[PDB]
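K.L.:
Compute the structure for the input listed below.
(9 chains)
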Amino acid sequence: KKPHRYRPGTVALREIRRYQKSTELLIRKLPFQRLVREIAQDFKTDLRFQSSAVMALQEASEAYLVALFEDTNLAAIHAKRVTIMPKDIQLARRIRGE
Amino acid sequence: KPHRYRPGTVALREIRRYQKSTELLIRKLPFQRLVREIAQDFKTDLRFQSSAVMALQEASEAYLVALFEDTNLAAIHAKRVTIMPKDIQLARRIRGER
Amino acid sequence: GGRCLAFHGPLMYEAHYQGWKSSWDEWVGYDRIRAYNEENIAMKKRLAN
Amino acid sequence: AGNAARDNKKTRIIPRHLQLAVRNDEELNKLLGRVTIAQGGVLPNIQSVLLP
Amino acid sequence: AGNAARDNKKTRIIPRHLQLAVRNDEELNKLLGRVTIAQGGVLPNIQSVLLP
Amino acid sequence: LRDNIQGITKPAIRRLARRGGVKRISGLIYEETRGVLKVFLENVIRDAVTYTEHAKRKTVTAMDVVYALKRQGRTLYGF
Amino acid sequence: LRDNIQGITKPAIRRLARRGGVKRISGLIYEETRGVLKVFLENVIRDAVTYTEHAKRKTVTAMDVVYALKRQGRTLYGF
DNA sequence: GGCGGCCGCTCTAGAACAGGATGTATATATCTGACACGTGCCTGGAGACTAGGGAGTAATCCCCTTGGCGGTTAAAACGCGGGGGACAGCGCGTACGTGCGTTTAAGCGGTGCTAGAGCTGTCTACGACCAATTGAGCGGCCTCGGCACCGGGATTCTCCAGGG
DNA sequence: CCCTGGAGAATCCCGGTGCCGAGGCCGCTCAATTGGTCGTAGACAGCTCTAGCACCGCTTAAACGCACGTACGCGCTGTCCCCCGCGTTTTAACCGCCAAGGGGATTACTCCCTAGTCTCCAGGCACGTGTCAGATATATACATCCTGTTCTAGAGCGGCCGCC
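P.N.:
Numbering: from 1, shown residues only, chains lettered A, B, ... in the order given. Below you will find the coordinate block:
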């Protein structure tokens, strides 16, 4: 007997392929919705958000983070690496102007 | 024996000098004739005002200076102190240009 | 005129020491010789030593 | 988008097809560079050094 | 700009002082982040690892 | 409502990076990505708050979210 | 007018990077910097060409360059 | 009498410190050239007026998001195994920093010409606005079929073990 | 240590269900369409005159090129600890169902203030000019950086002493 024991990286590449061609929202609805309410409650209390309003916020935030992750990933190969770093994000936001 | 400044000392001195002085780094006529040959592909009978070339030159340099700042930060991000063409290509890709 | 003229051991003196800063020149008039530029600056300073 | 729908043998145009059509065309990519498309994802590409 | 002019021992506002005033202040830097200023240069800052 | 910044779970951030083609994800990425998402959400929702307050409305609509994203060069199609 | 891309000389590109805080400059940077300068100029000047053509003028003014840079989010002060 | 252990001596090298070098920080001298003050208008805002129309407010309504329940099974989280990569470190070398010789064109000043942008009339079709109208866009309803779902099967690409 | 055969598991092609969102149809009604009518922005013609284009001296700081070496990009190694793949067990995510009651959306009355003029006048703009802060210039002076010499600590070696 012997376990399959996939090496690190190969299943991650498979998850890349299975999710780049996918369409469904990766972030769960209620955890993202609850995060919106607590952020808005610091600006204005007793505030409501429509279901399509949270849906519009969710896709825009995912695409912005995905595009940030592509810049984060492309900086890794630029830095002769395959693992992203917290400093990799900070460089990406600075170059983007954020 | 010559004083023989180490590599980096004079380069740092140019960094201090050009970051407080607002003199125009690229020469006027070599940049001016580059505008004429670029605009010749769009309009053969075209003229440019003296302030028109002046407005183009400061905008181009500030874009190049900002690009060089992003290019330089990518070098330290990649454990380097020398800017590279691949660092420039990463800067345009992150900024969304190329 | 010329390319080597100095009273001491010459260092390719113009008429100015080339490869050196401008604040090293002396234009005094003394006995100047060439000697094939002190036999190739003292045979490359005894081969760098 | 119809060509992309024919690539994955689909009759109905879905927002993934619209996103694939926009990003594949270099003229549409620069025109809609600052444009977010909902339910579209991104281009399924892998870096050369990231391949096994 | 007047504070930056006093730091440079100048009693006349020059475009370098205006650029220094905009970029030093954080809300002005973000507001005019996509803004080019002529005859202003940039902030005289050097990275830590570039120092001798 | 407290500690809702942890609603964006570690596999959720992992899945987002998989869509971006990221090979490996560090353990400190998730905390940084949550902070980046918090900053980005704090700008879009605040802009949508002013859009909603300008309309004398108490609930933020999806149309105001589109205007909040459009004014920063991040326009969203399909609402 | 040919070979005017070499008008941006090597010390001129060197002075640009020194203003940007660059300590060391590669030898292949100047050719790449000339390319991104040509691409940037081929967009702004062409935009100013359409501005000048629409204005019923045969000379490009600095005012037309102002809107050409502004429409790409690169607005210039002082004209 | 031989040899291990201990202490002193000289060799070597890292590092703090002082002196020389060259590109800038200032102290006047003087030019100088736009800066701001004064003036003379003069052209757009303001007081006043007329009229009307779009929102503030009130009411309704129905509608849509929040709270609030569970079921369930997908998935986050914890932990174990382990495995491949970030990084500290080292070595090579080359290629880019520094420096001047030499060249070559940047730029200042000058002169001449005309390409053409404002400027002023001129005259002319053109679009907002007003009656008058009218025909397919859209809300809604009927129908229907493309792919989500559920499995079934399979090529098919991939990893582990055996052989040279 | 590398090449090749067989089998485990996630993924891809395929048959059957159906269903719920998409395609098609009916009004019909409100926004698109037709004709006329002027104020008026705009195309067209002539003047001009102020700024750009082309060429010329020159001189001088900017730039090409070659010699040299040392900070640094890059190639290679280990490791270990940091991150992935998978088994297990919770967990809250998604879905089915229910009211609610603030709240978005619509309609109407009405009331303020903004559209549109008349007149004018006082602040704003073009012109003119004395002037006061900035730049050029240069000996003087910082000012830090690079390098040479000396100080002191560390390791290696050799001589001397005690023990078996």
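K.L.:
residue contacts, residue A:43?
P.N.:
F:45, F:46, F:49 (C-beta atoms under 8 Å, 6 or more residues apart in numbering or on different chains). (C-beta placed from N, C-alpha, C; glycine too.)
K.L.:
contacting residues around residue C:5?
P.N.:
C:13, C:15, C:32, C:34.
K.L.:
isn't the second one right next to residue C:6, touching?
P.N.:
In this case it means residue C:15. No: between residue C:15 and residue C:6 there is no contact under C-beta atoms under 8 Å: 10.4 Å.
K.L.:
and the helix or strand hosting residue F:31, does that touch chain A?
P.N.:
Here residue F:31 sits within helix F:29-54, counting by DSSP states H and E. Yes: residues of helix F:29-54 are located near chain A by C-beta under 8 Å from any C-beta of the partner chain, namely F:29, F:31-33, F:36-38, F:40-42, F:44-46, F:49, F:52-53.
K.L.:
burial measure for the residue nearest to residue A:58 when sequence neighbours are not counted, as a count.
P.N.:
For residue A:58, ignoring the flanking residues on the chain, the nearest one in space by C-beta to C-beta, 6 or more residues apart in numbering or on different chains is residue A:32 at 5.2 Å. For residue A:32, the tally of surrounding residues (other C-beta atoms under 10 Å in any protein chain shown) stands at 22.
K.L.:
if I read this right, residue A:32 contacts residue F:7, doesn't it?
P.N.:
Yes: contact between residue A:32 and residue F:7 holds when scored by C-beta under 8 Å: they sit 6.6 Å apart.
K.L.:
Tell me the buried residues in stretch C:5-22?
P.N.:
C:6, C:10, C:11, C:13 (16 or more other C-beta atoms under 10 Å in any protein chain shown).
K.L.:
hmm, that stretch touching DNA strand H?
P.N.:
Yes: for stretch C:5-22, a contact with DNA strand H is found by C-beta under 7 Å from any atom of the strand, at C:16, C:17, C:18, C:19, C:20, C:21.
K.L.:
and the second one, what does it touch?
P.N.:
It stands for residue C:17. If a contact means C-beta under 8 Å, 6+ apart, then residue C:17 has C:11, C:24, C:25 as its contacts.
K.L.:
how close does it get to residue C:10?
P.N.:
Distance of residue C:17 to residue C:10, given as C-beta to C-beta, to the nearest Å: 9 Å.
K.L.:
between the contacts of residue A:43, which is closest to residue E:34?
P.N.:
Ranked by distance to residue E:34 (C-beta to C-beta), the contacts of residue A:43 are led by residue F:46 at 19.6 Å.
K.L.:
Distance of the nearest residue to that closest one once chain neighbours are set aside relative to residue F:42?
P.N.:
Closest residue to residue F:46 apart from its sequence neighbours, by C-beta to C-beta, 6+ apart: residue A:43 at 5.3 Å. Going from residue A:43 to residue F:42 by C-beta to C-beta gives 8 Å.
K.L.:
Next, count neighbours for the closest residue to residue A:26 other than its chain neighbours.
P.N.:
Nearest residue to residue A:26, sequence neighbours excluded (C-beta to C-beta, 6+ apart): residue F:15, at 4.2 Å. The local packing of residue F:15 (other C-beta under 10 Å) involves 17 other residues.
K.L.:
can you give me the end-to-end distance of stretch A:23-30?
P.N.:
End-to-end distance of stretch A:23-30 (C-alpha to C-alpha, to the nearest Å): 19 Å.
K.L.:
so does it get close to DNA strand I?
P.N.:
Yes: Stretch A:23-30 reaches DNA strand I (C-beta under 7 Å from any atom of the strand) through A:28, A:29, A:30.
K.L.:
Now the second one: phi and psi?
P.N.:
Meaning residue A:29. phi -70, psi -60 (degrees, to the nearest 10).
K.L.:
Chain neighbours aside, what residue packs nearest to residue F:49?
P.N.:
residue A:43 (4.9 Å).
K.L.:
meant to ask about residue A:59
P.N.:
In space, residue A:59 is closest to residue D:38, 4.1 Å off (C-beta to C-beta, 6+ apart).
K.L.:
thought residue A:28 was touching residue F:11?
P.N.:
No: when contacts are counted by C-beta under 8 Å, residue A:28 is not listed as touching residue F:11 (10.1 Å).
K.L.:
who's more crowded, the two?
P.N.:
Neighbour comparison, residue A:28 and residue F:11: the larger count goes to residue A:28, with 14 against 10 (by other C-beta under 10 Å).
K.L.:
Identify the residues contacting that one.
P.N.:
F:7, F:9, F:12.
K.L.:
Now the buried members of those.
P.N.:
Counted by 16+ other C-beta under 10 Å, the contacts of residue A:28 give F:7, F:12 as buried.
K.L.:
need the contacts of residue A:28 in TSV with distance to chain G and secondary structure, can you?
P.N.:
Output for those, formatted as TSV (distance: C-beta to the nearest C-beta, whole Å; DSSP: H, G, I helix; E, B strand; the rest coil):
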residue	distance to chain G	secondary structure
F:7	34	helix
F:9	35	coil
F:12	32	helix
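K.L.:
Going by distance to chain D, which of the contacts of residue A:28 wins?
P.N.:
Using C-beta to the nearest C-beta, residue F:12 comes nearest to chain D of the contacts of residue A:28, at 15.8 Å.
K.L.:
tally of neighbours for the closest residue to the closest one other than its chain neighbours?
P.N.:
Among residues not flanking residue F:12 along the chain, residue A:27 sits closest, at 5.2 Å (C-beta to C-beta, 6+ apart). Using other C-beta under 10 Å, residue A:27 is surrounded by 21 other residues.
K.L.:
try residue A:49
P.N.:
Neighbours of residue A:49 (other C-beta under 10 Å): 22.
K.L.:
partner residues bridging it?
P.N.:
residue F:60 (DSSP bridges).
K.L.:
In contact with residue F:45: list those residues for me.
P.N.:
Neighbours of residue F:45 in contact, by C-beta under 8 Å, 6+ apart: A:36, A:39, A:40, A:43, A:57, F:60, F:68.
K.L.:
Over to residue D:51?
P.N.:
residue A:13.
K.L.:
what do you get for residue F:5?
P.N.:
A:35, F:34, F:38.
K.L.:
Over to residue D:14?
P.N.:
A:23, D:5, D:39.
K.L.:
show me where the chain has strands.
P.N.:
Let's take chain A. A:48-49, A:83-84 (DSSP state E).
K.L.:
Not quite, go with chain D.
P.N.:
D:35-37.
K.L.:
Flag every residue of it that's near DNA strand H.
P.N.:
Checking chain D against DNA strand H by C-beta under 7 Å from any atom of the strand, the hits are D:5, D:9, D:10, D:11, D:12, D:14, D:52.
K.L.:
Kindly indicate which of those residues lies nearest residue F:2.
P.N.:
The closest of the residues of chain D next to DNA strand H, once distances to residue F:2 are taken by C-beta to C-beta, is residue D:14, at 39.0 Å.
K.L.:
Name the nearest residue to residue A:65, sequence neighbours excluded.
P.N.:
Closest to residue A:65 by C-beta to C-beta, 6+ apart is residue F:16, at 5.2 Å.
K.L.:
Can you report how many residues neighbour residue A:34?
P.N.:
The number of residues packed near residue A:34 is 17, by other C-beta under 10 Å.
K.L.:
Settle this for me: it is touching residue F:1, isn't it.
P.N.:
Yes: between residue A:34 and residue F:1 there is a contact under C-beta under 8 Å: 6.5 Å.
K.L.:
Give the closest residue to the most centrally placed residue in chain F in space, chain neighbours not counted.
P.N.:
Nearest to the geometric centre of chain F sits residue F:41, at 4.0 Å (C-alpha atoms, centre = their mean). Distances taken as C-beta to C-beta, 6+ apart place residue A:39 nearest to residue F:41, at 5.3 Å, with adjacent residues excluded.
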